[PDB]
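Only one structure is covered here, and it is reproduced in the block below.
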Amino acid sequence: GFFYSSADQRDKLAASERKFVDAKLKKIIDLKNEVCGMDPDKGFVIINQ
Amino acid sequence: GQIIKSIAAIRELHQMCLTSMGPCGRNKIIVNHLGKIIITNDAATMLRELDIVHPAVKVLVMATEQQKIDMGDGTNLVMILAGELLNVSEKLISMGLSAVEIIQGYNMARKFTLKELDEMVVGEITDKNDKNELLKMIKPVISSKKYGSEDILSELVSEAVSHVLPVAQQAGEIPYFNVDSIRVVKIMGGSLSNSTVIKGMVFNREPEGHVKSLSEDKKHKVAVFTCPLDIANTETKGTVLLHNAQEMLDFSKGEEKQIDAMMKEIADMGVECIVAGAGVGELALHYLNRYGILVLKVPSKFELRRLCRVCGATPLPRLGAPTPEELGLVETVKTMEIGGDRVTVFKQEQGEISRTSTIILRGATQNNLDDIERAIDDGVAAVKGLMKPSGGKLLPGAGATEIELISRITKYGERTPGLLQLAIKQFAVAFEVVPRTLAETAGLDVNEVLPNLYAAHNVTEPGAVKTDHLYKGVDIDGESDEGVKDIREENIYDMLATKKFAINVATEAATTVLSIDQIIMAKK
């Protein structure tokens with residue numbers, strides 16, 4: 001587990017867990033703005049087994 | 001002729017349920033093999049505590065549990081009605097009528113009954129959720145269970161329901177009232193008149209600390225910590241040991257400064273209450289006394305679910321990270337003595353309206369204490385039946401419903417030609433068991449009250465429009481009376497959602513028994 005003793009160490013220790021998460025997440029949120037952003041009455045669903 | 005003996009096996013258990021419905025009903029003491037005595041008046045709960053031998057009995061038990069899960073009320077109406085349909089069908093077997101047309105006759109009579117339920121609606125519930133308006137629905141639920149407590153428990157249950165319901169009207173999209181919003185607690189000592197209504201959960205345990213209660217400050221912050229209180233170490237193993245006396249001073253003072261450093265940051269954020277689901281160390285209770293933080297321990301994970309929906313707190317997998325976004329807010333918390341023992345309760349004032357309430361019961365009788373606990377749970381599901389599926393419509397109870405259907409069903413019997421007339425006539429006669437059961441268990445003569453019930457719903461009026469009083473039901477008496485009385489005086493009604501759902505379940509229950517002509521069993 002990652003235990004931080006200060007507020008500065010919170011983002012430093014947790015950066016290893018969110019390194020793979022933020023890499024895929026930032027690329028998915030950009031698809032909604034570029035594709036199907038203006039089209040009303042539509043949605044985007046992620047499977048995520 | 002086992003199909004005839006199969007009814008006799010249910011007939012042995014039929015008289016057991018005949019002593020349940022009505023004010024004469026009584027709980028049954030059952031001693032489990034584990035040395036635990038379960039006592040309840042509800043017949044559906046007793047079915048789980050009884051050993052079933054014949055597999056045909058489980059058919060009626062499975063249909064009885066359906067009434068308790070969905071509508072939660074009318075379990076006695078389903079089992080008793082299903083048992084009478086077999087008695088009226090036994091005469092058709094000896095008459096020579098095949099059981100195939102008997103099943104087809106009930107399907108035609110069931111559709112005719114459901115269409116007449118909409119024309120029997122007298123009043124309509126506006127869903128005002130007023131304290132006085134809820135007294136009409138709750139009164140018949142408490143009735144025919146415990147006598148004398150219907151007046152006292154009417155104001156206690158109706159008050160707790162209005163606390164968990166927000167202010168809305170004509171909106172059925174978002175559900176509000178759940179089945180867990182009402183919890184029943186018991187304590188030794190007191191009476192029913194001294195009982196009050198609490199807007200939140202009630203904790204009967206000790207605070208385990210020198211702080212009895214918090215202050216009157218608005219919006220007290222409550223934090224739920226799943227991790228136990230202890231110095232942060234490696235998650236894998238990490239057992240604290242002492243190799244020599246030199247490291248004893250560093251390890252003892254190290255845990256004192258580490259715990260005090262975490263409690264100081266929590267107190268600076270404004271959190272006056274700490275909920276620890278796990279055990280609390282000895283050195284942890286010393287720091288919480290000076291900071292004025294109430295100590296609360298809830299090892300049960302079921303109680304933490306209803307707590308997060310009230311104040312808004314969230315369980316934290318770690319310790320020492322008081323995130324203000326996930327913290328809860330309660331208006332006022334106080335520790336008072338209720339029932340002879342000082343306990344710390346949970347209530348509110350205005351904001352952060354609680355979605356779960358708890359009613360405190362007091363009494364000097366141990367047997368009647370657990371009986372009311374099981375009786376209130378039957379009244380909880382009555383509020384759920386106020387939703388869109390025919391929640392406002394209601395029908396007159398106290399045996400007036402089963403008697404009134406006799407005149408309407410027999411009218412359609414001669415209208416439908418063919419062999420279906422035998423099943424239609426016996427379908428209306430099977431409803432006579434409800435008024436006869438209430439009259440027989442009450443000590444009233446069958447030659448007196450029963451012929452007056454038929455003359456109450458059947459009169460000669462020189463006109464096409466009905467008149468006089470159609471609301472006369474079955475009266476329990478107990479002191480004296482002449483004839484019957486109006487049910488509208490006591491305002492005892494039955495909801496349409498409960499009565500309509502009990503008809504389809506009781507119809508399919510007796511259909512399965514009559515359709516089975518052979519039973520194969522094997523020894524274990």
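Chains: A, B, ... in order of the structure tokens. Residues: from 1 per chain. Ligands: from 1, in order shown.
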
Report as an mmCIF file with N, CA, C and O atoms, in the first residue's frame: the residues of chain A with a DSSP assignment of helix (DSSP H, G or I), based on the backbone of this structure.
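Result file follows (states.cif):
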```
data_model
loop_
_atom_site.group_PDB
_atom_site.id
_atom_site.type_symbol
_atom_site.label_atom_id
_atom_site.label_comp_id
_atom_site.auth_asym_id
_atom_site.auth_seq_id
_atom_site.Cartn_x
_atom_site.Cartn_y
_atom_site.Cartn_z
ATOM 1 N N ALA A 7 0.851 16.213 2.444
ATOM 2 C CA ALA A 7 0.022 16.500 1.278
ATOM 3 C C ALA A 7 0.825 16.449 -0.016
ATOM 4 O O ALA A 7 0.274 16.109 -1.070
ATOM 5 N N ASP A 8 2.117 16.780 0.039
ATOM 6 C CA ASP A 8 2.943 16.722 -1.162
ATOM 7 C C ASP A 8 3.217 15.287 -1.588
ATOM 8 O O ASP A 8 3.344 15.010 -2.786
ATOM 9 N N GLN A 9 3.308 14.363 -0.630
ATOM 10 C CA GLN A 9 3.554 12.961 -0.938
ATOM 11 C C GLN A 9 2.302 12.223 -1.393
ATOM 12 O O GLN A 9 2.405 11.063 -1.808
ATOM 13 N N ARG A 10 1.129 12.856 -1.322
ATOM 14 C CA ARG A 10 -0.100 12.192 -1.744
ATOM 15 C C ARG A 10 -0.113 11.968 -3.251
ATOM 16 O O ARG A 10 -0.385 10.858 -3.722
ATOM 17 N N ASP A 11 0.180 13.014 -4.025
ATOM 18 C CA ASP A 11 0.201 12.893 -5.477
ATOM 19 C C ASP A 11 1.443 12.176 -5.989
ATOM 20 O O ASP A 11 1.424 11.665 -7.114
ATOM 21 N N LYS A 12 2.515 12.129 -5.198
ATOM 22 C CA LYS A 12 3.738 11.464 -5.636
ATOM 23 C C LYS A 12 3.606 9.947 -5.555
ATOM 24 O O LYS A 12 3.992 9.233 -6.487
ATOM 25 N N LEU A 13 3.065 9.439 -4.447
ATOM 26 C CA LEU A 13 2.926 7.994 -4.291
ATOM 27 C C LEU A 13 1.795 7.449 -5.154
ATOM 28 O O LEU A 13 1.916 6.363 -5.733
ATOM 29 N N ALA A 15 0.887 8.553 -7.963
ATOM 30 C CA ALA A 15 1.146 8.748 -9.386
ATOM 31 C C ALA A 15 1.426 7.430 -10.096
ATOM 32 O O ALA A 15 1.175 7.314 -11.302
ATOM 33 N N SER A 16 1.943 6.433 -9.377
ATOM 34 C CA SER A 16 2.223 5.143 -9.999
ATOM 35 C C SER A 16 0.943 4.391 -10.339
ATOM 36 O O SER A 16 0.905 3.651 -11.329
ATOM 37 N N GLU A 17 -0.111 4.566 -9.540
ATOM 38 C CA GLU A 17 -1.369 3.881 -9.809
ATOM 39 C C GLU A 17 -2.156 4.564 -10.921
ATOM 40 O O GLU A 17 -2.802 3.890 -11.731
ATOM 41 N N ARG A 18 -2.113 5.893 -10.979
ATOM 42 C CA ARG A 18 -2.852 6.650 -11.980
ATOM 43 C C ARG A 18 -2.057 6.882 -13.257
ATOM 44 O O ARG A 18 -2.557 7.554 -14.165
ATOM 45 N N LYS A 19 -0.836 6.352 -13.350
ATOM 46 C CA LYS A 19 -0.045 6.524 -14.564
ATOM 47 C C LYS A 19 -0.683 5.796 -15.741
ATOM 48 O O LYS A 19 -0.790 6.347 -16.843
ATOM 49 N N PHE A 20 -1.116 4.553 -15.525
ATOM 50 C CA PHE A 20 -1.783 3.801 -16.580
ATOM 51 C C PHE A 20 -3.237 4.222 -16.748
ATOM 52 O O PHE A 20 -3.790 4.102 -17.846
ATOM 53 N N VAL A 21 -3.868 4.716 -15.680
ATOM 54 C CA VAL A 21 -5.273 5.107 -15.760
ATOM 55 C C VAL A 21 -5.421 6.418 -16.522
ATOM 56 O O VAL A 21 -6.263 6.542 -17.420
ATOM 57 N N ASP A 22 -4.604 7.417 -16.177
ATOM 58 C CA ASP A 22 -4.722 8.723 -16.819
ATOM 59 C C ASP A 22 -4.292 8.678 -18.280
ATOM 60 O O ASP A 22 -4.754 9.496 -19.083
ATOM 61 N N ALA A 23 -3.413 7.742 -18.643
ATOM 62 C CA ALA A 23 -2.984 7.637 -20.033
ATOM 63 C C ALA A 23 -4.141 7.238 -20.940
ATOM 64 O O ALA A 23 -4.319 7.814 -22.020
ATOM 65 N N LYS A 24 -4.937 6.254 -20.520
ATOM 66 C CA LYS A 24 -6.082 5.828 -21.317
ATOM 67 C C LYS A 24 -7.277 6.758 -21.152
ATOM 68 O O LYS A 24 -8.051 6.937 -22.098
ATOM 69 N N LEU A 25 -7.444 7.355 -19.969
ATOM 70 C CA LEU A 25 -8.625 8.175 -19.714
ATOM 71 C C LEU A 25 -8.586 9.477 -20.503
ATOM 72 O O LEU A 25 -9.611 9.913 -21.041
ATOM 73 N N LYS A 26 -7.416 10.117 -20.583
ATOM 74 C CA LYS A 26 -7.319 11.388 -21.295
ATOM 75 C C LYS A 26 -7.532 11.214 -22.794
ATOM 76 O O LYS A 26 -7.971 12.154 -23.467
ATOM 77 N N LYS A 27 -7.228 10.033 -23.334
ATOM 78 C CA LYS A 27 -7.451 9.790 -24.754
ATOM 79 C C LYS A 27 -8.910 9.481 -25.061
ATOM 80 O O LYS A 27 -9.364 9.711 -26.188
ATOM 81 N N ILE A 28 -9.657 8.962 -24.085
ATOM 82 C CA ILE A 28 -11.063 8.644 -24.311
ATOM 83 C C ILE A 28 -11.921 9.901 -24.254
ATOM 84 O O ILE A 28 -12.833 10.081 -25.069
ATOM 85 N N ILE A 29 -11.644 10.793 -23.298
ATOM 86 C CA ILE A 29 -12.435 12.009 -23.163
ATOM 87 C C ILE A 29 -12.256 12.939 -24.355
ATOM 88 O O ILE A 29 -13.130 13.772 -24.623
ATOM 89 N N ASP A 30 -11.145 12.821 -25.084
ATOM 90 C CA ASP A 30 -10.945 13.622 -26.284
ATOM 91 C C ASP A 30 -11.767 13.122 -27.463
ATOM 92 O O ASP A 30 -12.012 13.888 -28.401
ATOM 93 N N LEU A 31 -12.196 11.857 -27.438
ATOM 94 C CA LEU A 31 -13.020 11.331 -28.520
ATOM 95 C C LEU A 31 -14.428 11.911 -28.485
ATOM 96 O O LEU A 31 -15.045 12.101 -29.539
ATOM 97 N N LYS A 32 -14.949 12.200 -27.289
ATOM 98 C CA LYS A 32 -16.294 12.756 -27.181
ATOM 99 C C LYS A 32 -16.365 14.174 -27.734
ATOM 100 O O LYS A 32 -17.390 14.565 -28.303
ATOM 101 N N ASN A 33 -15.292 14.953 -27.582
ATOM 102 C CA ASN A 33 -15.295 16.322 -28.087
ATOM 103 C C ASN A 33 -15.090 16.366 -29.597
ATOM 104 O O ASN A 33 -15.733 17.163 -30.289
ATOM 105 N N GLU A 34 -14.201 15.521 -30.123
ATOM 106 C CA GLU A 34 -13.928 15.528 -31.556
ATOM 107 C C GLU A 34 -15.022 14.817 -32.343
ATOM 108 O O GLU A 34 -15.422 15.285 -33.415
#
```

(Q) Quick one: residues within 12 Å of residue 33 of chain B, only C-alpha atoms, excluding same-chain residues fewer than 2 positions away - as JSON, numbers by chain? (A) {"B": [30, 31, 35, 36, 37, 38, 49, 50, 51]}

Considering only C-alpha atoms, tabulate each residue of chain B that lies at most 12 Å from chain A along with its nearest interatomic pair and the corresponding distance in Å to one decimal; arrange the rows by chain and ascending residue number and present them as CSV.
```
residue,atom,partner,partner_atom,distance
B:231,CA,A:3,CA,11.3
B:232,CA,A:3,CA,7.7
B:233,CA,A:3,CA,8.7
B:234,CA,A:1,CA,7.5
B:235,CA,A:1,CA,6.4
B:236,CA,A:1,CA,9.0
B:258,CA,A:5,CA,10.0
B:261,CA,A:5,CA,10.2
B:262,CA,A:5,CA,9.6
B:265,CA,A:6,CA,11.2
B:317,CA,A:1,CA,11.0
B:318,CA,A:3,CA,8.5
B:319,CA,A:3,CA,9.2
B:320,CA,A:5,CA,8.9
B:321,CA,A:4,CA,9.4
B:322,CA,A:7,CA,11.6
B:323,CA,A:7,CA,11.7
```

(Q) Give me the residues near residue 117 of chain B as a ChimeraX atom specification, where near means some atom within 12 Å (using only C-alpha atoms) and where sequence neighbours in that chain fewer than 6 positions away do not count. (A) /B:110-111,390,393-396,401-402,404-405,408,494-501,503

Keeping only N, CA, C and O atoms, write the selected residues as a PDB file, in the first residue's frame.
```pdb
ATOM      1  N   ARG B 110     -61.494 -15.546 -12.363  1.00  0.00           N
ATOM      2  CA  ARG B 110     -60.475 -14.602 -11.917  1.00  0.00           C
ATOM      3  C   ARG B 110     -60.510 -13.322 -12.743  1.00  0.00           C
ATOM      4  O   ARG B 110     -60.361 -12.222 -12.199  1.00  0.00           O
ATOM      5  N   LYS B 111     -60.707 -13.445 -14.058  1.00  0.00           N
ATOM      6  CA  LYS B 111     -60.778 -12.261 -14.906  1.00  0.00           C
ATOM      7  C   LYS B 111     -62.035 -11.445 -14.629  1.00  0.00           C
ATOM      8  O   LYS B 111     -62.019 -10.218 -14.776  1.00  0.00           O
ATOM      9  N   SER B 390     -51.902   1.490  -8.342  1.00  0.00           N
ATOM     10  CA  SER B 390     -53.138   1.485  -7.555  1.00  0.00           C
ATOM     11  C   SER B 390     -52.855   1.716  -6.071  1.00  0.00           C
ATOM     12  O   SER B 390     -53.312   0.970  -5.201  1.00  0.00           O
ATOM     13  N   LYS B 393     -56.268   3.876  -4.518  1.00  0.00           N
ATOM     14  CA  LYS B 393     -57.536   3.171  -4.416  1.00  0.00           C
ATOM     15  C   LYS B 393     -57.542   2.239  -3.209  1.00  0.00           C
ATOM     16  O   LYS B 393     -56.515   1.675  -2.822  1.00  0.00           O
ATOM     17  N   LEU B 394     -58.722   2.082  -2.612  1.00  0.00           N
ATOM     18  CA  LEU B 394     -58.879   1.250  -1.428  1.00  0.00           C
ATOM     19  C   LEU B 394     -60.242   0.577  -1.462  1.00  0.00           C
ATOM     20  O   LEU B 394     -61.186   1.080  -2.077  1.00  0.00           O
ATOM     21  N   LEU B 395     -60.333  -0.571  -0.791  1.00  0.00           N
ATOM     22  CA  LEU B 395     -61.560  -1.342  -0.686  1.00  0.00           C
ATOM     23  C   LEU B 395     -61.912  -1.571   0.780  1.00  0.00           C
ATOM     24  O   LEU B 395     -61.020  -1.667   1.629  1.00  0.00           O
ATOM     25  N   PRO B 396     -63.201  -1.657   1.109  1.00  0.00           N
ATOM     26  CA  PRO B 396     -63.583  -1.901   2.505  1.00  0.00           C
ATOM     27  C   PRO B 396     -63.199  -3.304   2.951  1.00  0.00           C
ATOM     28  O   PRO B 396     -63.403  -4.284   2.230  1.00  0.00           O
ATOM     29  N   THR B 401     -65.455  -7.337   1.889  1.00  0.00           N
ATOM     30  CA  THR B 401     -65.071  -7.533   0.496  1.00  0.00           C
ATOM     31  C   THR B 401     -65.466  -8.920  -0.001  1.00  0.00           C
ATOM     32  O   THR B 401     -66.023  -9.060  -1.095  1.00  0.00           O
ATOM     33  N   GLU B 402     -65.190  -9.955   0.795  1.00  0.00           N
ATOM     34  CA  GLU B 402     -65.483 -11.319   0.365  1.00  0.00           C
ATOM     35  C   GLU B 402     -66.982 -11.580   0.287  1.00  0.00           C
ATOM     36  O   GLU B 402     -67.425 -12.391  -0.533  1.00  0.00           O
ATOM     37  N   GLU B 404     -69.376  -9.200  -0.383  1.00  0.00           N
ATOM     38  CA  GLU B 404     -69.957  -8.435  -1.483  1.00  0.00           C
ATOM     39  C   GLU B 404     -69.701  -9.101  -2.831  1.00  0.00           C
ATOM     40  O   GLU B 404     -70.522  -8.976  -3.746  1.00  0.00           O
ATOM     41  N   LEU B 405     -68.582  -9.815  -2.970  1.00  0.00           N
ATOM     42  CA  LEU B 405     -68.282 -10.494  -4.225  1.00  0.00           C
ATOM     43  C   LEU B 405     -69.213 -11.671  -4.491  1.00  0.00           C
ATOM     44  O   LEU B 405     -69.264 -12.156  -5.625  1.00  0.00           O
ATOM     45  N   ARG B 408     -72.049 -10.608  -6.948  1.00  0.00           N
ATOM     46  CA  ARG B 408     -71.601 -10.299  -8.302  1.00  0.00           C
ATOM     47  C   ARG B 408     -71.159 -11.543  -9.063  1.00  0.00           C
ATOM     48  O   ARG B 408     -71.360 -11.620 -10.280  1.00  0.00           O
ATOM     49  N   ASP B 494     -58.963  -1.601   3.111  1.00  0.00           N
ATOM     50  CA  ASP B 494     -57.906  -2.422   2.538  1.00  0.00           C
ATOM     51  C   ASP B 494     -57.513  -1.835   1.191  1.00  0.00           C
ATOM     52  O   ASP B 494     -58.381  -1.475   0.390  1.00  0.00           O
ATOM     53  N   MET B 495     -56.209  -1.738   0.948  1.00  0.00           N
ATOM     54  CA  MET B 495     -55.722  -1.172  -0.300  1.00  0.00           C
ATOM     55  C   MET B 495     -55.995  -2.116  -1.467  1.00  0.00           C
ATOM     56  O   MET B 495     -56.067  -3.338  -1.306  1.00  0.00           O
ATOM     57  N   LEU B 496     -56.149  -1.531  -2.656  1.00  0.00           N
ATOM     58  CA  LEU B 496     -56.410  -2.336  -3.846  1.00  0.00           C
ATOM     59  C   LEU B 496     -55.176  -3.127  -4.261  1.00  0.00           C
ATOM     60  O   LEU B 496     -55.292  -4.267  -4.726  1.00  0.00           O
ATOM     61  N   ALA B 497     -53.987  -2.541  -4.100  1.00  0.00           N
ATOM     62  CA  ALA B 497     -52.762  -3.232  -4.488  1.00  0.00           C
ATOM     63  C   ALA B 497     -52.542  -4.494  -3.665  1.00  0.00           C
ATOM     64  O   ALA B 497     -51.979  -5.473  -4.168  1.00  0.00           O
ATOM     65  N   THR B 498     -52.977  -4.495  -2.404  1.00  0.00           N
ATOM     66  CA  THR B 498     -52.824  -5.680  -1.566  1.00  0.00           C
ATOM     67  C   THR B 498     -53.875  -6.736  -1.892  1.00  0.00           C
ATOM     68  O   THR B 498     -53.562  -7.930  -1.949  1.00  0.00           O
ATOM     69  N   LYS B 499     -55.121  -6.313  -2.120  1.00  0.00           N
ATOM     70  CA  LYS B 499     -56.188  -7.272  -2.387  1.00  0.00           C
ATOM     71  C   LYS B 499     -56.066  -7.869  -3.785  1.00  0.00           C
ATOM     72  O   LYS B 499     -56.255  -9.077  -3.967  1.00  0.00           O
ATOM     73  N   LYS B 500     -55.753  -7.040  -4.784  1.00  0.00           N
ATOM     74  CA  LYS B 500     -55.658  -7.537  -6.153  1.00  0.00           C
ATOM     75  C   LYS B 500     -54.479  -8.488  -6.318  1.00  0.00           C
ATOM     76  O   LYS B 500     -54.571  -9.478  -7.054  1.00  0.00           O
ATOM     77  N   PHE B 501     -53.362  -8.207  -5.641  1.00  0.00           N
ATOM     78  CA  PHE B 501     -52.202  -9.084  -5.740  1.00  0.00           C
ATOM     79  C   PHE B 501     -52.436 -10.410  -5.027  1.00  0.00           C
ATOM     80  O   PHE B 501     -51.885 -11.438  -5.438  1.00  0.00           O
ATOM     81  N   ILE B 503     -55.209 -12.074  -4.947  1.00  0.00           N
ATOM     82  CA  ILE B 503     -56.121 -12.930  -5.699  1.00  0.00           C
ATOM     83  C   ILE B 503     -55.362 -13.765  -6.723  1.00  0.00           C
ATOM     84  O   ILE B 503     -55.601 -14.970  -6.855  1.00  0.00           O
TER      85      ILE B 503
END
```

Q) What's the 9 Å shell around residue 387 of chain B, counting only C-alpha atoms, without same-chain residues fewer than 6 positions away, as a ChimeraX atom specification? A) /B:127,172,175

Would you mind writing down, as an mmCIF file with N, CA and C atoms, in the first residue's frame, each residue of segment 242-484 of chain B that DSSP on the backbone assigns to strand (DSSP E or B)?
```
data_model
loop_
_atom_site.group_PDB
_atom_site.id
_atom_site.type_symbol
_atom_site.label_atom_id
_atom_site.label_comp_id
_atom_site.auth_asym_id
_atom_site.auth_seq_id
_atom_site.Cartn_x
_atom_site.Cartn_y
_atom_site.Cartn_z
ATOM 1 N N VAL B 271 -14.235 17.991 12.501
ATOM 2 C CA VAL B 271 -14.899 16.699 12.626
ATOM 3 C C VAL B 271 -14.999 16.364 14.110
ATOM 4 N N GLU B 272 -16.221 16.368 14.637
ATOM 5 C CA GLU B 272 -16.470 16.093 16.045
ATOM 6 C C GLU B 272 -16.867 14.648 16.317
ATOM 7 N N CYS B 273 -16.990 13.817 15.283
ATOM 8 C CA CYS B 273 -17.414 12.434 15.455
ATOM 9 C C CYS B 273 -16.593 11.534 14.546
ATOM 10 N N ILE B 274 -16.062 10.453 15.111
ATOM 11 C CA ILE B 274 -15.254 9.486 14.377
ATOM 12 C C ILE B 274 -15.915 8.122 14.515
ATOM 13 N N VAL B 275 -16.245 7.508 13.384
ATOM 14 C CA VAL B 275 -16.879 6.196 13.351
ATOM 15 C C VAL B 275 -15.821 5.182 12.938
ATOM 16 N N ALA B 276 -15.449 4.301 13.863
ATOM 17 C CA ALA B 276 -14.441 3.273 13.625
ATOM 18 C C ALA B 276 -15.134 1.918 13.581
ATOM 19 N N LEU B 294 -16.700 12.547 19.858
ATOM 20 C CA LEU B 294 -17.513 11.426 20.308
ATOM 21 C C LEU B 294 -16.992 10.124 19.711
ATOM 22 N N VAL B 295 -16.887 9.095 20.545
ATOM 23 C CA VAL B 295 -16.393 7.791 20.119
ATOM 24 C C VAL B 295 -17.578 6.912 19.749
ATOM 25 N N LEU B 296 -17.548 6.358 18.539
ATOM 26 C CA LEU B 296 -18.609 5.485 18.056
ATOM 27 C C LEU B 296 -17.989 4.323 17.297
ATOM 28 N N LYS B 297 -18.437 3.108 17.608
ATOM 29 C CA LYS B 297 -17.927 1.895 16.980
ATOM 30 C C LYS B 297 -19.099 1.101 16.425
ATOM 31 N N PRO B 315 -17.196 5.798 3.760
ATOM 32 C CA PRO B 315 -16.129 5.027 4.413
ATOM 33 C C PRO B 315 -14.797 5.227 3.703
ATOM 34 N N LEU B 316 -13.746 5.448 4.495
ATOM 35 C CA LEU B 316 -12.406 5.653 3.958
ATOM 36 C C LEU B 316 -11.573 4.397 4.140
ATOM 37 N N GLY B 328 -19.778 13.688 6.217
ATOM 38 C CA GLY B 328 -21.194 13.857 6.451
ATOM 39 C C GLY B 328 -21.486 15.045 7.348
ATOM 40 N N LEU B 329 -22.753 15.455 7.361
ATOM 41 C CA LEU B 329 -23.200 16.600 8.147
ATOM 42 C C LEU B 329 -24.500 16.244 8.850
ATOM 43 N N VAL B 330 -24.517 16.391 10.172
ATOM 44 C CA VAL B 330 -25.713 16.192 10.981
ATOM 45 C C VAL B 330 -25.970 17.467 11.774
ATOM 46 N N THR B 335 -27.137 12.804 23.618
ATOM 47 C CA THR B 335 -27.144 11.565 24.389
ATOM 48 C C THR B 335 -28.093 11.745 25.567
ATOM 49 N N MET B 336 -29.203 11.012 25.551
ATOM 50 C CA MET B 336 -30.210 11.099 26.596
ATOM 51 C C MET B 336 -30.537 9.705 27.112
ATOM 52 N N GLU B 337 -31.176 9.664 28.279
ATOM 53 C CA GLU B 337 -31.558 8.412 28.916
ATOM 54 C C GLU B 337 -32.990 8.064 28.528
ATOM 55 N N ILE B 338 -33.155 6.969 27.789
ATOM 56 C CA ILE B 338 -34.460 6.504 27.339
ATOM 57 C C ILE B 338 -34.606 5.045 27.744
ATOM 58 N N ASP B 341 -31.743 3.452 30.708
ATOM 59 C CA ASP B 341 -30.317 3.390 30.429
ATOM 60 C C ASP B 341 -29.922 4.546 29.522
ATOM 61 N N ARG B 342 -28.754 5.125 29.788
ATOM 62 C CA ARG B 342 -28.257 6.243 28.997
ATOM 63 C C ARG B 342 -27.624 5.717 27.714
ATOM 64 N N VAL B 343 -28.156 6.147 26.570
ATOM 65 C CA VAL B 343 -27.666 5.724 25.265
ATOM 66 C C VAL B 343 -27.509 6.950 24.377
ATOM 67 N N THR B 344 -26.679 6.803 23.347
ATOM 68 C CA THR B 344 -26.406 7.872 22.391
ATOM 69 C C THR B 344 -27.227 7.613 21.133
ATOM 70 N N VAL B 345 -28.202 8.483 20.873
ATOM 71 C CA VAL B 345 -29.086 8.326 19.724
ATOM 72 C C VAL B 345 -28.597 9.197 18.576
ATOM 73 N N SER B 357 -35.387 6.105 9.661
ATOM 74 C CA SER B 357 -35.825 6.439 11.007
ATOM 75 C C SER B 357 -35.917 5.173 11.846
ATOM 76 N N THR B 358 -35.963 5.362 13.164
ATOM 77 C CA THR B 358 -36.029 4.255 14.108
ATOM 78 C C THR B 358 -36.992 4.611 15.230
ATOM 79 N N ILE B 359 -37.894 3.685 15.549
ATOM 80 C CA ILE B 359 -38.885 3.873 16.602
ATOM 81 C C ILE B 359 -38.441 3.095 17.832
ATOM 82 N N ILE B 360 -38.416 3.767 18.980
ATOM 83 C CA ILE B 360 -38.014 3.149 20.237
ATOM 84 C C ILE B 360 -39.250 2.608 20.940
ATOM 85 N N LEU B 361 -39.219 1.324 21.285
ATOM 86 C CA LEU B 361 -40.321 0.662 21.969
ATOM 87 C C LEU B 361 -39.948 0.396 23.420
ATOM 88 N N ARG B 362 -40.931 0.531 24.308
ATOM 89 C CA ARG B 362 -40.737 0.297 25.732
ATOM 90 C C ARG B 362 -41.921 -0.489 26.272
ATOM 91 N N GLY B 363 -41.648 -1.378 27.219
ATOM 92 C CA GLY B 363 -42.703 -2.171 27.819
ATOM 93 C C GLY B 363 -42.132 -3.114 28.855
ATOM 94 N N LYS B 393 -56.268 3.876 -4.518
ATOM 95 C CA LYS B 393 -57.536 3.171 -4.416
ATOM 96 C C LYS B 393 -57.542 2.239 -3.209
ATOM 97 N N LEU B 394 -58.722 2.082 -2.612
ATOM 98 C CA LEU B 394 -58.879 1.250 -1.428
ATOM 99 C C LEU B 394 -60.242 0.577 -1.462
ATOM 100 N N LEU B 395 -60.333 -0.571 -0.791
ATOM 101 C CA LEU B 395 -61.560 -1.342 -0.686
ATOM 102 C C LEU B 395 -61.912 -1.571 0.780
ATOM 103 N N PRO B 396 -63.201 -1.657 1.109
ATOM 104 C CA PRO B 396 -63.583 -1.901 2.505
ATOM 105 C C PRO B 396 -63.199 -3.304 2.951
ATOM 106 N N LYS B 472 -71.438 -2.431 5.631
ATOM 107 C CA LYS B 472 -71.505 -3.254 6.833
ATOM 108 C C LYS B 472 -70.653 -4.505 6.651
#
```

Q | Shell around residue 256 of chain B at 9 Å using only C-alpha atoms, local window under 3 positions removed, as a list in words | A |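 Counting only C-alpha atoms, the residues come to residues 231, 251, 252, 253, 259, 260, 261, 283 and 284 of chain B.
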
Output of the above residues as a PDB file, in the first residue's frame, restricted to C-alpha atoms:
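Contents of out_10.pdb, freshly written:
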```
ATOM      1  CA  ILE B 231       0.385   3.435  13.764  1.00  0.00           C
ATOM      2  CA  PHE B 251       8.484   2.427  19.794  1.00  0.00           C
ATOM      3  CA  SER B 252       6.246   3.498  22.690  1.00  0.00           C
ATOM      4  CA  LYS B 253       6.744   7.237  22.164  1.00  0.00           C
ATOM      5  CA  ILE B 259      -1.643   8.923  16.549  1.00  0.00           C
ATOM      6  CA  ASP B 260      -1.803  12.398  18.104  1.00  0.00           C
ATOM      7  CA  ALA B 261      -0.586  13.946  14.840  1.00  0.00           C
ATOM      8  CA  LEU B 283      -3.916   5.097  23.455  1.00  0.00           C
ATOM      9  CA  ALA B 284      -6.487   6.264  20.885  1.00  0.00           C
TER      10      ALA B 284
END
```

For the contact check between segment 27-104 of chain B and segment 431-441 of chain B, emit one row per residue of segment 27-104 of chain B within 9 Å, containing the shortest atom pair and the distance in Å rounded to one decimal, counting only C-alpha atoms, chain then rising number order, as a tab-separated table.
```
residue	atom	partner	partner_atom	distance
B:77	CA	B:434	CA	8.5
B:80	CA	B:434	CA	8.1
B:81	CA	B:431	CA	7.3
B:84	CA	B:433	CA	7.1
B:85	CA	B:431	CA	8.8
```
